[PDB]
Every structure is written in structure tokens, then in C-alpha cells.
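See structure below.
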Amino acid sequence: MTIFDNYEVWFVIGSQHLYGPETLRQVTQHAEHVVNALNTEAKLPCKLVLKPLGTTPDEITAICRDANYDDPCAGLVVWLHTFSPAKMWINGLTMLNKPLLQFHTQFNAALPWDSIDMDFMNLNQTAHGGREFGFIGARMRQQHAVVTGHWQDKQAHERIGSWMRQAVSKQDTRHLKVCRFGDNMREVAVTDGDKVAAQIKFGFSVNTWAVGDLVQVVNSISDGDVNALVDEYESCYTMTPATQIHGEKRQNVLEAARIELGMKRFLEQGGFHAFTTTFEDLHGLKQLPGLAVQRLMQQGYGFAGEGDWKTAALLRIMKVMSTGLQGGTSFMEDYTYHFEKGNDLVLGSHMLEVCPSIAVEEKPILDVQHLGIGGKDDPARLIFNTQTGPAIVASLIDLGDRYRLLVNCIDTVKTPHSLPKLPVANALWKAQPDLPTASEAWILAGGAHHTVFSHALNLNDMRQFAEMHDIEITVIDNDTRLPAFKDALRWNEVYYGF
Amino acid sequence: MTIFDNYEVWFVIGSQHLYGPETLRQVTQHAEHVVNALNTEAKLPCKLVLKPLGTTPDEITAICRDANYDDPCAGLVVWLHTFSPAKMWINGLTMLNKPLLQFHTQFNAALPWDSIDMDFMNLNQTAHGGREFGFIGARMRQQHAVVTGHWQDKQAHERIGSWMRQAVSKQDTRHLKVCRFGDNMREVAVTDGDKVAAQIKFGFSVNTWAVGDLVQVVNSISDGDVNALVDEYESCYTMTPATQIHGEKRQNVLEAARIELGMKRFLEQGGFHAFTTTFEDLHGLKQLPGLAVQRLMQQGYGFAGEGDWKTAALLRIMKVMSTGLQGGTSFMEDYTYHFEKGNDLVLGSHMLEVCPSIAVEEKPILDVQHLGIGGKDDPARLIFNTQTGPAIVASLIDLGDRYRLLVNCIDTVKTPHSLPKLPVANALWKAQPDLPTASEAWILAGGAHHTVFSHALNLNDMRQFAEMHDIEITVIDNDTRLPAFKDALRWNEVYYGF
Amino acid sequence: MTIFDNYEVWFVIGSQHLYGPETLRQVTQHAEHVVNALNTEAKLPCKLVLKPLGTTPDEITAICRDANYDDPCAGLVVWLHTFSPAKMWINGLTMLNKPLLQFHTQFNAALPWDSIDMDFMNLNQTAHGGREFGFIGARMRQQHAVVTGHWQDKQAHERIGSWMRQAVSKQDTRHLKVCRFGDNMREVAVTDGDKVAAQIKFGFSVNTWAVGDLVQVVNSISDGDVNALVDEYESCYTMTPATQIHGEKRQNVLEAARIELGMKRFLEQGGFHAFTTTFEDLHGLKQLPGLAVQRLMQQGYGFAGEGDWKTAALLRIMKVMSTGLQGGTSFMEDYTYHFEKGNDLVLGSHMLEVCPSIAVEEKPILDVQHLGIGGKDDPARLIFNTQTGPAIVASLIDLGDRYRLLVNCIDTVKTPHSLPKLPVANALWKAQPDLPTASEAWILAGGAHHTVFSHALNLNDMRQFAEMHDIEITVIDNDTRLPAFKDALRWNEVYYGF
């Protein structure tokens, strides 16, 4: 059902062939226990596969070599059970293109004070075997996450799982394809950048199909398929008068449905996971994609406005990252502010394309469209309010020589009064320290008007993402002060400038 | 007539106000003498304007301040007639946005052995004044050029003017706009890159207009204007049978003409200096621009193949750069090779778009057109051979964190046999160390299949260009040997890495 | 027979799916033809295996994933028959742990002037395809080798063959295991270093077994096996009076034979490819291994003196690298100098251990003399002179933070007089530029007394070895002038440090 089902994390036990046939018989026993117990009762993002024992250099190397080849292998989890001379792991860890997590754990939870003896110690001694291995990861300067705790520790399952979540995100993105329909909005900087660099670093691809190629597909959709989707609109949304049968903008709705169906067929047949649109190039289309883009976002496709491939891929990444979690995740742009002592708010939205995934209700579908921008018909769109609660906004920017991920922790809030004249959906939030510091820190630290908004993911998730891809995370939240913030920008600039 | 006539170089004399009103009266005399003589008899790319004497700090700052503000000022050439203490220049030089050359010259050629005294020595002491000014330039790591010689020395004139050329090239590029008709060829790397970086570094802009916008201007061109251009095709070119009036592909000639006029009206109204096309987006166009692009390249515009804005911008830069010189500057792609002991040759061409400024003859305008690529009607193009003699091929590439300019010296040669079946123009050359070494260095050293070919400019011009923009020049010529070539790549990597 | 024959180089063809089922048929035809002919008629170090066409991104990534997994795959030679957009290669080149060479070739040698057309040019377009691929290697800063030439050019074969040698070399060294009997000689800096850094960098393993473990195996070898080897000694060497039956040191010949068998059985059962010994620790051994090490060197094992694992390894690597070539390859030490005008010579030798692979005649085998260093009985050894001709002397040293490969081009020479009182085998050469400059340069550039001498290999092989492992090559040859030599040492220091 889920794309987590297409991945596994390998459970690899580290130790040494020089123990004994019986001793190693005992460690597999524990391993088979803990792994089964975790798969059944730990509710982890995906499955753990116990691999044979990593005892000798050639076997550890063999595990890594298989791990690289196996496309369902999203990373390794190594339990350092006994004492596994890090030198065996060298050759393996050198070749290994898949992430690693050391689970620094212990079979028993309490120390058996009265029955502890050398034949115990000579089995289960992760306390120092774990540390020897920690060194070689540090010495080689490899990522290597670390989680400590007993294997039944619910808090440890939580940390282990979020790591698996990132490990899976990492693999998927290697195959993530973005389709652009036209180029960037002219004279814009932040949405521009080096697609080659992005593919090298993250693995996602970005290529552009001419709006006309889309238009051909849009124009081939049958009137029946068109009408069928409008029946699903009628059942999913609250149709305004102009929207219903006999309404003045009834045709503008069918045209929207058509476009959505053309964009769907196009993306499915091209195998794409995200896309962009541009209002400066819609020759052949009746209206700018609105409703269409909203529903596709909800169905899982990433998207960003004016040719903005970075955000579009980021949306898809974070959408996949959020699978099985409760929360929304949308393309988002800061539209305007409300200045008021103690209640500085940011209204978020876009031209049209906001994802219903973050909504509360059942969404009105209107046109009231006269969208002057683009020079087209009145586009259909979903209008709605955004759910209340803790959220994050993230932006990935290209600084030229490296990437930086800015994430601002925010809190969404109910609109204080209705919004009758606003023909687009809205999100409304209080930005973390406070608006001035939040905005100033965001502006100082580069980084853009386009973001991904998410109720599902949090600061902890984005920190792991940044580490997993070795990029600077710039954090804006309740603990942000600008002097420290500025210093961190500088000190990171020399660090990541290497 | 020339765009060199909208620019001038400022002749600034350095001295110090402590010499005497009459010593200063004599340096001005020399300066007026020198400057007048050079404008009259040195045949320099553009005019020298003698500014007032730079004797105090405020005076020198004022001159730099003016130089910045004056759009026609392409740079300064400074003569240090006497000692002009360098601190006086610090504030002027810290704000100076224009490039600078020290003309390390003297009024007298010969030393007047029998008359020389302190009077003569307090006047004209460039021998040491020029060295004090060198210090400050080097101390501030500013890219100051130096030419040493007597002011009448015709070799100095040459090098002085060669500099003035790059100065003017530098200013024009700050206003160079590129129009892209669609995006990069999909999946292609070299043609891609950071348009923001390029604008920051070189000052030229790259933005994309929808083929639709062009298509609109192509369709509005009137029949009379179309047939008028076909009257100049018939007068300029040798028309193949299919090209003439009752010919089977007369229609395809008229359609090329209209594409040309549409492209020219669009480019003129947009104020553009170079442009690109992409065969993966020709919706609304009858045929891929061939003839049209070739005549626009001859008329001055930069152009490159598959949304390749760097090479297109480069073509325009090098065209402008080559004004008043031996001409022959074109878009080029290395098409195929000829392997034979002591005669390894490269055939250069492209799909269609080869500029006729490098032609010998006066060229056939054929259709024999089946161009499968792009999937449009049969293109009109110009077939011709390239002139014999020394040339260069240049490629500017984005290494992500910086740019590299590759230049290969070459020698074009008349084809040994006719090319009756090849429906495109052709260059044919010997690459200068030899083909294997020249191709291996080019491959090793980044940088691509698209190039700017030129008879009119040489390696020393490109060297100054690279100096002027502070970028690596990777040189491939008769003196190239691979081990040392590779070492330079390494050592330059760390140098230009900060 | 060779260990080259357990390795294969993959012939990987770049193209693109958009060309057509028939165009792609023709490239596979050329491919089958090229590869087939090279396997038959090119005499390459090992076999080329043609992989399926690399046409789409997922196919190219598959090929790299497979390439990594397959133990016999030693590298890839890629021919970009057609333009093959390099972004398709990114995800694969990112994971590719195996070395790559672009063979910039063409199916035809001569341009078919009278028949060449778009058809021919749709197919066969390496001239541009190879350059786009060149870019991506250079942008990703990967080591991609390149050879340009028609595929029947015999010099291209030579150069491509040379690359494969290094490819096969690199894989074999990944499995190379060194066995140390004792630790490094006390207070020596050269032979000491980080064995982990080495394993990380090169993949060979160094681990010390105690001499008591070797002494056990030596003591367990039966008398009949010992005598069986003394038969093979009598038939291979010229035995001195004291060596022959009834000779005063006949029992010393048996004790060497018994030690030779003790080490060979120990090395076989351990799976070792190279080893070291130390005279400060020979407890339980009747004599220092002398003839035993020389014959094992001949038989292909790596070896250096007092716990010098780096050189021992290097011997094995360079012996394996040289398989099928004509030349010696011996462990060596710079024993003494001859100082004369125009006849400055260096006598090479060691305590005992000099490899008979570099000898001329059939060697005398003596226990001629009393080795008074850290031990007991007079050891047996092989006395001989070295071949004449061009050679190289090399050494890998560890500068703490990185490795450096010193290579001095030399010329061996017949000994101008007999050597009747020297009981060790000797080499004698005239070091390039000259003895004062070569020895200074060698001392200035870190490295040490222990070296690998080799007639078989040359400077070109060592240059390719250094690139393959991204280490500094420090070359000392006729072209070496010291100021420039010091300069490079500096400029490399900053390049490789960081």
C-alpha cells in the first residue's frame, strides 16, 4: 500500500569469529528475538531484516556489497553486540553508499548483579564494542547516527523510526523526477539554480516539457472522463452558484477538470513525482492550473509555482517523508502580514495552488477568478481554511556553492474573522520567536518566499534530513536570538565551505 | 558606426602637487602631446580622453568617482609621469568599478646623457613612480594591467589597444541580454547552469520567452515584407533548383524568411543581443530556424544550440570583441573526426546554424531538408566552406562553484574532397598539439561540445578576457603536454577555489 | 593462468533511446564489431565484456550498480557512440566505485566526404557526445581517464591496455593481505605509519602474527620435504663448496630450506600476498630468512625488510601490476655510492633479501658469511648481478595526513669490476638527472631508503597508479630541476592537504 513497503532496513550484528560457535549461536538468538519483537510491536516506518552475522572482514564487506545493490535496502542498523574489531568493517564501510545507524543497546535491561560473571561479559558487551565502532565512523568522518537505550525502550523505537523515515526518504529522492512546463518566471533568482548540482547532491531530476506537449494531452481527454471528474467535484466540494449546473462559470469548471485529467495522464505516463507551472507560458491552455494542481498535490505530487523546481521536489520529498503521519504538507508562500502588538500574524497562500491536505472542512470550489496574471480564463480553485496547530515552513536554497535548508517553527491559528472577498485558500500562523525576528532571520539567512508548509513534520525531522544530506540547517524558532544566529551563519559558512 | 564609438578610455596622469606649478605645467604638456598623438596615429579601438592631473587624494578620488558614473568610460590608463605617492590613490581605487592599465612609459625614448640633471630627474621619473603604484595594486590584489614601452612604440600601442578591447568588451557584457525560446535540451548538463551566478559574475542576463510569444510575432509579419527578404536571398545566395520560384520547396523558403523577420522584430523590440532555441519546443513554428539564425548570427547576434545560453552569450561577447578585426566568429560544434597518420582532422558543424561570417564563397541556400530532429517541415539553411588559417575554439563552462574558459588553438584547412551529400556548412581544422592530445585535454578539462569558433580573435585575447573576469583559462595549444596540463588543473582548482 | 584472467573490463556504450530502434541496432553492431576485434587482435591485459546499451538513466544506473557488485568487474571503458545526455549518467556515476575510461573513438577512420549526410551524423556522433560526458566527470571532479583514437589505432590499444593494468591492480590490492612477523625496527620513522589509513585508502590489510607462530610451522616440516627442496636448489643454482654435500655449511642449507617451507605453508594457509620480517625478533629461528625470502619474492609474494609493510605491499602491487610484461621488480635498498666525474653510481642491495627476478645468469647460492646483526647462524642466500637497461625506483611514504609516491627514473649498468668479497646480490645504476640532484630531490621530498626497483614498469605506469589512488606523484628524472621541484612540492601540498 505505502512506498515504505518497497524498502527494508537491514539489521546487522557486529562481532568476532574468535568467540565461539556457541557464543555466536547465542547472539543470533538475541538478534532474532529483538528483530522479531521490533517488527511486531514497535510500529516502525518499515521492516527490519536480520542479516546473517557480520563476524569476519569478508562477510561484513559482503553485507555492505549486497546492501548497496539491493534497491529495497534503505540503510543498515548495526547492533554492536559483543566486540567487533572496527578494522573488519573498514572495507565494508568504505564502499557503503547506504546510510547507517548504530543502535547502541543491550539484551538485558538491568544488570544481573548476582549472576554476572566472565561468561556473561564474554557475551553482550556493547558498552565497549559500540564505542570501538563509534571511533571508526568518526575517524572516517562518516555520518553514522547513534541511538542509545534498551531495545524495549519506547523512546528508542521512536528515535530509530524517524531515522528509518529519513533513510527511506533518501532512497526515494534518488528516483524523484520533476517535470517542468516552461521555464522560471523571468528576472527571478531564488527559483533559479543549478539542476546539475541538485541531481548530484540529492539525486532528483528536473527537465522541462514544452507547454504544447501538455496541451496536446489536455486536448485529447474524452468528454465522458471530463464529466466523470466533475461528478466527483460535486461530491467532494461545496459548489458555489457559478460552479453548479446552469451557473455562469460552469464551463470554466469542466475546463479545469479537463486540465487536471491532461496533467494526470501526462505525469503518469512520464513517471513523474512533481512538476511546475509558469503563468508566463500557458499558450494552449484555457486557464492557469488551479483546482487541478491542488488535487494533484493532495494525491501526492509535489508542486511549486513559477518554474520553482527546488520547492516542487522539496514538497514531494516532505510528502513522502510524512507518510503514515498525521498532518498536511503543502506548497506555500507568505502573502501578507497583520501587525498588532502581541499578535503579529502571517497569512500564507498562493495565486491559487494551495494543497487541501492542510484543510479543516469540506472545501468550496469557486471561480470568482478574474486572475489578471497569466491572461487567461477564470480558473477554478478550492478555497478553505488551514488546520490549527504546531507547524514548520521549510525552504531549500542554492547559495551557489552549497545548499541551505531554512526551517522556521510556527503555530497556525484560526482566522479571527471570516474572509469573504478572498478567492483563495489561506493559512494563518504566528512565526516563532516573533514576526520581526522570524522574518529578519529568514531574510538575513537568504531564502525565499516559496516554502513547504507542514503540520506532519517537525524541526527534529528536518534536522535529520539536513544531516542525512550534509547541508546546513538554518533554524528559526523560540530559542532564536540574532547575535548567536548571525555567528552561526558565519561559522557554518567556513565549515560548509570545505 | 561601431559600438566602440560609445566608449572611451580615460588617460589619467599621476603626479604630486608638491613639485611646482611649472613642473605640473610640463607634465600636462607631455600628456596632451602623448594623448593627441595616440588618438591621431595609434589606431586604437576607441578614444583616449585626457583627464585633469591626479595630484592630491581628493582629485584622484573624484576621477574614480566620475569614471564609475560615466557609462562611456570603459577603463583608465594611468601614466605615472612623476612619483605620485600611492596612499593618495587608495580611496579612489577602493571604489573604482572600471578596469585599469598602467602605461609604464616615458616622454623621451633616449636618455639625454649630456644634459640630464635634477630638473630632468624631478620631471619624468616614471621608472620609480610606476613601481610605487604597482605596489598598491598588488597590495590590494587588484587586477592592474601593465605595459612597458616608449609612448611611440608600435608594439606598446598594440598591447595597449588589445587591452582597451577587453575593457569595452567588459562594459558591453554588463548590458548583454539573452532571450531563450524555450529551455535546455532535456538531460543535458553543460548547457545547464546558474543564470544568477552568470549575471553576478559577467553582468549578462538570461531569461526565457515562450515559443508562443515568438510564434505570435512570426504570424503577424506581412506578405510584402516576406517577399522583400526573399529578394535579398536571391541577390545574396546561390539558390538551388528547389529554392527558386517554381521549385518544389519554394514555400519552405518563404516560411524561413518569415521566421527570420518574426525573430528579428521580436529581438529588436526586446532589445536582445543573443538568443537560443530548442528543437524540443517548436510548437507553432513551421520549421526549425536555420537560415534565419545564420543571418542573425552574421548580423551580430549571439546564438547557441539547445537552450545553451552560455555559448550564445559567449558568441555575442566574442563577436563584439572582434569588431574591426579580421572577422570570422561563429557558433560551432565538433561533428566528426578524420583519423589518418599525420592528418587527423576535425569536421565542425551543427544541425543547421553555422554563421556565414567565416565563409569563403557566396553560399548555397538549399532545403534538401529532411530534418528528422524536431519533427517540423524542411528547413532552409546556408551551405558553405570555412576560410583557411589560424583559429580558436572557445568554451565557457560552469564548474558549479566557478567558471572555466577552455581555448584550443587550431588551424583550418580546405577540405580534401567535396561534400555533395552533407546539407550543412562545414569547418575543417587540425587541432593544435594533435587530435588525440587536444581532445583528451579538452575532455579531461571539463567543457563541451558547443563552442565559439573564431578566426578574428586569438589566444592572447582570450587570456586577457579571462584576466579581466578573474576566471581560469585552460589553454590547449602546440605547447600543451598532458602531465603539466593536469598539474595546472589541480593547482588552479585550489587557487580559484577561494 | 594469470590473475588478470579473473577480471573483466566492461565495454559500456552511451547513447539515447530517442534515436530509434534501428539507429540503436547499428550502434550495437559497431559495438559487437569493435569489442570482438579488440578481444581477438588487440592483446589487452584482460577481456572486454560488452554490456547492454546505456540508453536511459535507469539503465546507466543499473550498469553502475551491477559494475560495483561484480567482483570480476575491474572497470568500465565507455564509448559515447551517440550523444548521450550526461544527466542520465549522474545517478550512476555518483554510486560508481569502479574506475572509468572514456574511449573517445569512432567506427570509421576516414570521413566519407562524398557520402556523409545527416543519416551518418544521427548515428556516429562521439565528437560531441564525448565532450558532454567529459563535462560531467570534470564537474563531479571524478578521475575519468580518456583515450582518443580510431579503435584500430595500435597506440590507442597500448594506452587503453595500460589503463586496464591499473584497473586490475586497484581491485587486487583491495584483497591484498600483509603478514608481519614482528613489529617495525626500534625507533625508525620510515617503516612506521597508520595501518588503518592504508587499509582505508588502498584496501590492503596489515596484521602482525608472532614469530613463535611461524617457528611452530617451521619446526613441523618433515625431513623429506626439506631435502626435496634442496634438490630443486641444486638444479637451479651454482652451489659453492660449503653449500654442496660434505660442505662445512651443508646443514645451514637444510635450515634455510626448512625455513622457506615453513613460511610458504604459513603464507598459503593464511592467504597472504606479502610479508615482512625483523632481525630484532627471530626467537626460535635458526637463521634470518635469506634465500627463503628471495625465492618467495620470485614466486610473486611482496616483501620488505624490518617491518616495512608499506614497501612490502608496494612490491606485491608492482609485481602484480607488471604481470605479462618483460622486466624484474625487486625489493631494494640504496647501499652505497661511487663518486666519480661523469660516473656517479649507486650500488643497491640489502642485508640479504634481493629478488632473483631482476637477475641475469643462474645464481650461486651460498652461506658464504657470518651475519652479525640480530641473530645466530650464517644464512643462505643468492648471489647475482642485475640486468642492464632503463628502470625505475619507487617508494610510497606516509606524510601523516596523506601519502606520496616518489619515483626516480634510473639506468642499470654492468659492474665495472668483479665483486668477490660482497656476499649479497647487487644492483648498480646511474640515477637520472644526476646523483647529486636525484639524491637531494629524493631527500627533500620526504621518502626513504627502502624501495621497489623495477625494469618491468615505467614512469607512465606510476603516473596512472597515482591518479587511480588520488595521491601525489613526485617524479625525479632527467627533466628535474630543483627550484621547480621545490615549487611543485609546495603547490601540491596545498592541493592534497584539503
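Each chain of the C-alpha cells is named A, B, ... in the order shown, its residues numbered from 1; ligands are numbered from 1 in display order.
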
- Task: Please identify every residue of chain A that has at least one atom no more than 12 Å from any atom of chain B, counting only C-alpha atoms, and report them as an MDAnalysis selection string.
- Result: chainID A and resid 177:201 204:216 278:285 307 398:403 494 497:498

- Task: as a ChimeraX atom specification, please: all residues of range 105-275 of chain C that backbone DSSP puts in alpha helix (DSSP H).
- Result: /C:118-122,126-139,154-174,195-201,211-219,223-236,251-270

- Item | Sel. of strand (DSSP E or B) residues, range 382-448 of chain C, as a list in words | residues 382, 385, 386, 389, 390, 391, 392, 393, 394, 395, 396, 397, 398, 403, 404, 405, 406, 407, 408, 409, 410, 411, 412, 426, 427, 428 and 429 of chain C

- Item | Surrounding residues of residue 437 in chain A excluding itself and chain neighbours under 6 positions, 9 Å, only C-alpha atoms, as a count of residues only | 5

- Query: Could you name the residues that touch residue 158 in chain A at 12 Å or less, counting only C-alpha atoms, but leaving out those on the same chain fewer than 3 positions away, as a PyMOL selection string?
  - Reply: chain A and resi 38+42-45+147-149+151-155+161-165+460-461

- Counting only C-alpha atoms, what is within 10 Å of range 134-141 of chain B, bar same-chain residues fewer than 5 positions away, as a VMD selection string? chain B and resid 85 to 87 89 to 90 93 to 94 100 102 128 to 129 146

Next, dump the selected residues to file, keeping only C-alpha atoms, as a short mmCIF file (atom, residue, chain, number, x, y, z; two decimals), in the first residue's frame.
```cif
data_model
loop_
_atom_site.label_atom_id
_atom_site.label_comp_id
_atom_site.auth_asym_id
_atom_site.auth_seq_id
_atom_site.Cartn_x
_atom_site.Cartn_y
_atom_site.Cartn_z
CA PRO B 85 52.54 58.61 -3.53
CA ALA B 86 50.29 55.53 -3.54
CA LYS B 87 48.20 56.28 -0.46
CA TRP B 89 45.16 56.57 -4.76
CA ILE B 90 43.79 54.17 -2.08
CA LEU B 93 40.89 52.64 -6.09
CA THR B 94 38.69 51.12 -3.38
CA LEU B 100 42.78 49.97 -15.20
CA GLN B 102 49.38 51.25 -16.16
CA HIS B 128 60.17 54.68 -9.81
CA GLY B 129 56.73 56.35 -9.65
CA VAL B 146 50.91 46.90 -17.15
#
```

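Put simply, CA of residue 124 in chain B is 18.7 Å away from CA of residue 101 in chain B.
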
- Query: What lies within 12 Å of residue 31 in chain B using only C-alpha atoms, ignoring chain neighbours under 2 positions off, as a ChimeraX atom specification?
  - Reply: /B:10-15,24-29,33-38,48-53,77-81,105-107,124,151

Selection export as a compact mmCIF listing (two decimals), in the first residue's frame, atoms kept: N, CA, C and O atoms:
```
# COMPACT_ATOMS: atom_id res chain seq x y z
N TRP B 10 39.96 56.60 -20.31
CA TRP B 10 40.46 57.82 -19.67
C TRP B 10 41.96 57.76 -19.43
O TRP B 10 42.48 56.82 -18.83
N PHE B 11 42.65 58.78 -19.92
CA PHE B 11 44.07 58.87 -19.74
C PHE B 11 44.27 59.70 -18.49
O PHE B 11 43.96 60.88 -18.48
N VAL B 12 44.74 59.06 -17.44
CA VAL B 12 44.91 59.73 -16.16
C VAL B 12 46.39 59.77 -15.81
O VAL B 12 47.04 58.73 -15.72
N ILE B 13 46.91 60.97 -15.62
CA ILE B 13 48.28 61.14 -15.22
C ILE B 13 48.35 61.26 -13.70
O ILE B 13 47.64 62.08 -13.10
N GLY B 14 49.19 60.42 -13.10
CA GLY B 14 49.53 60.53 -11.68
C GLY B 14 50.80 61.33 -11.45
O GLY B 14 51.79 61.16 -12.16
N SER B 15 50.76 62.23 -10.47
CA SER B 15 51.91 63.05 -10.07
C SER B 15 51.70 63.48 -8.63
O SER B 15 50.90 62.87 -7.94
N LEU B 24 54.31 70.71 -13.08
CA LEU B 24 52.96 70.26 -13.46
C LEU B 24 52.50 70.80 -14.81
O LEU B 24 51.78 70.13 -15.54
N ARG B 25 52.91 72.03 -15.14
CA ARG B 25 52.60 72.61 -16.45
C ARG B 25 53.28 71.81 -17.57
O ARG B 25 52.76 71.73 -18.69
N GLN B 26 54.41 71.20 -17.25
CA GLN B 26 55.16 70.41 -18.22
C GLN B 26 54.70 68.97 -18.34
O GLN B 26 54.88 68.37 -19.40
N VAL B 27 54.15 68.39 -17.28
CA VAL B 27 53.64 67.02 -17.39
C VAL B 27 52.34 67.06 -18.19
O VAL B 27 52.08 66.15 -18.97
N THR B 28 51.55 68.11 -17.98
CA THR B 28 50.33 68.31 -18.75
C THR B 28 50.69 68.42 -20.25
O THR B 28 50.09 67.75 -21.08
N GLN B 29 51.69 69.24 -20.55
CA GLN B 29 52.23 69.37 -21.92
C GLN B 29 52.53 68.03 -22.59
O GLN B 29 52.11 67.78 -23.71
N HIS B 33 50.35 66.16 -25.45
CA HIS B 33 51.13 65.69 -26.58
C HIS B 33 50.94 64.19 -26.80
O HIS B 33 50.60 63.77 -27.90
N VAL B 34 51.13 63.39 -25.76
CA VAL B 34 51.04 61.94 -25.90
C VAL B 34 49.65 61.52 -26.32
O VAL B 34 49.48 60.79 -27.30
N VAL B 35 48.64 62.00 -25.60
CA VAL B 35 47.27 61.63 -25.89
C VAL B 35 46.87 62.01 -27.32
O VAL B 35 46.36 61.17 -28.07
N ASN B 36 47.13 63.25 -27.71
CA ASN B 36 46.75 63.68 -29.06
C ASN B 36 47.38 62.79 -30.11
O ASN B 36 46.70 62.33 -31.04
N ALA B 37 48.67 62.53 -29.95
CA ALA B 37 49.42 61.69 -30.89
C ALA B 37 48.85 60.28 -31.00
O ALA B 37 48.89 59.69 -32.08
N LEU B 38 48.33 59.74 -29.91
CA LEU B 38 47.79 58.37 -29.93
C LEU B 38 46.41 58.31 -30.60
O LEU B 38 46.13 57.40 -31.39
N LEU B 48 40.97 57.94 -26.44
CA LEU B 48 41.53 58.34 -25.15
C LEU B 48 41.11 59.77 -24.82
O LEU B 48 41.27 60.66 -25.64
N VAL B 49 40.56 59.97 -23.63
CA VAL B 49 40.28 61.31 -23.11
C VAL B 49 41.20 61.59 -21.94
O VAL B 49 41.15 60.92 -20.91
N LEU B 50 42.04 62.60 -22.12
CA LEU B 50 42.95 63.06 -21.08
C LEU B 50 42.18 63.78 -19.98
O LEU B 50 41.68 64.88 -20.19
N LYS B 51 42.11 63.17 -18.81
CA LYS B 51 41.54 63.86 -17.66
C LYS B 51 42.53 64.87 -17.04
O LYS B 51 43.72 64.86 -17.36
N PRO B 52 42.03 65.78 -16.18
CA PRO B 52 42.92 66.65 -15.40
C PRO B 52 43.90 65.87 -14.53
O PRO B 52 43.66 64.71 -14.20
N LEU B 53 45.00 66.52 -14.14
CA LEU B 53 46.06 65.84 -13.40
C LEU B 53 45.68 65.35 -12.01
O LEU B 53 45.16 66.11 -11.19
N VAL B 77 43.65 54.34 -18.27
CA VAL B 77 45.07 54.03 -18.46
C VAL B 77 45.82 55.12 -17.70
O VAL B 77 45.63 56.30 -17.99
N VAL B 78 46.62 54.72 -16.71
CA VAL B 78 47.35 55.69 -15.89
C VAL B 78 48.81 55.78 -16.27
O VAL B 78 49.51 54.78 -16.37
N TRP B 79 49.26 57.01 -16.47
CA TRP B 79 50.67 57.29 -16.61
C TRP B 79 51.18 57.94 -15.32
O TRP B 79 50.70 59.00 -14.90
N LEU B 80 52.16 57.31 -14.69
CA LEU B 80 52.80 57.91 -13.54
C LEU B 80 54.01 58.69 -13.99
O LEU B 80 55.12 58.20 -13.98
N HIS B 81 53.76 59.93 -14.39
CA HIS B 81 54.80 60.76 -15.00
C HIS B 81 55.88 61.07 -13.96
O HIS B 81 57.07 60.94 -14.24
N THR B 105 55.44 54.21 -19.26
CA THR B 105 56.07 54.86 -20.40
C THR B 105 56.89 56.05 -19.92
O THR B 105 56.93 56.35 -18.73
N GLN B 106 57.56 56.70 -20.86
CA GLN B 106 58.40 57.87 -20.59
C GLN B 106 58.26 58.81 -21.78
O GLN B 106 57.99 58.35 -22.88
N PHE B 107 58.39 60.12 -21.59
CA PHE B 107 58.24 61.04 -22.72
C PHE B 107 59.40 60.91 -23.72
O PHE B 107 59.17 60.66 -24.88
N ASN B 124 59.60 63.75 -15.25
CA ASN B 124 59.80 62.35 -15.72
C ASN B 124 60.62 61.43 -14.82
O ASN B 124 61.82 61.30 -14.98
N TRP B 151 56.15 55.74 -25.56
CA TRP B 151 54.79 56.01 -25.97
C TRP B 151 54.58 55.96 -27.49
O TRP B 151 53.46 55.77 -27.96
```

Surrounding residues of residue 418 in chain A excluding itself and chain neighbours under 6 positions, 12 Å, only C-alpha atoms, as a PDB file with N, CA, C and O atoms, in the first residue's frame:
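Now in result-v1.pdb:
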```
ATOM      1  N   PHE A 384     -10.403  27.358   1.273  1.00  0.00           N
ATOM      2  CA  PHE A 384     -10.517  26.690   2.569  1.00  0.00           C
ATOM      3  C   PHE A 384      -9.595  27.317   3.598  1.00  0.00           C
ATOM      4  O   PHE A 384      -8.684  28.053   3.263  1.00  0.00           O
ATOM      5  N   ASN A 385      -9.845  27.010   4.859  1.00  0.00           N
ATOM      6  CA  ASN A 385      -9.025  27.471   5.962  1.00  0.00           C
ATOM      7  C   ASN A 385      -8.105  26.345   6.357  1.00  0.00           C
ATOM      8  O   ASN A 385      -8.387  25.171   6.062  1.00  0.00           O
ATOM      9  N   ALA A 425      -7.598  30.000  -0.840  1.00  0.00           N
ATOM     10  CA  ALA A 425      -7.431  29.422   0.484  1.00  0.00           C
ATOM     11  C   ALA A 425      -6.333  30.132   1.259  1.00  0.00           C
ATOM     12  O   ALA A 425      -5.553  30.893   0.697  1.00  0.00           O
ATOM     13  N   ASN A 426      -6.296  29.896   2.563  1.00  0.00           N
ATOM     14  CA  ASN A 426      -5.356  30.597   3.428  1.00  0.00           C
ATOM     15  C   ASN A 426      -4.866  29.752   4.596  1.00  0.00           C
ATOM     16  O   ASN A 426      -5.570  28.877   5.106  1.00  0.00           O
TER      17      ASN A 426
END
```

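Atom pair CA of residue 486 in chain C / CA of residue 405 in chain C: separated by 15.4 Å.
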
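With only C-alpha atoms as the basis for measurement, A:453 is the residue among A:258, A:453, A:466, A:380 that approaches residue 331 in chain A most closely.
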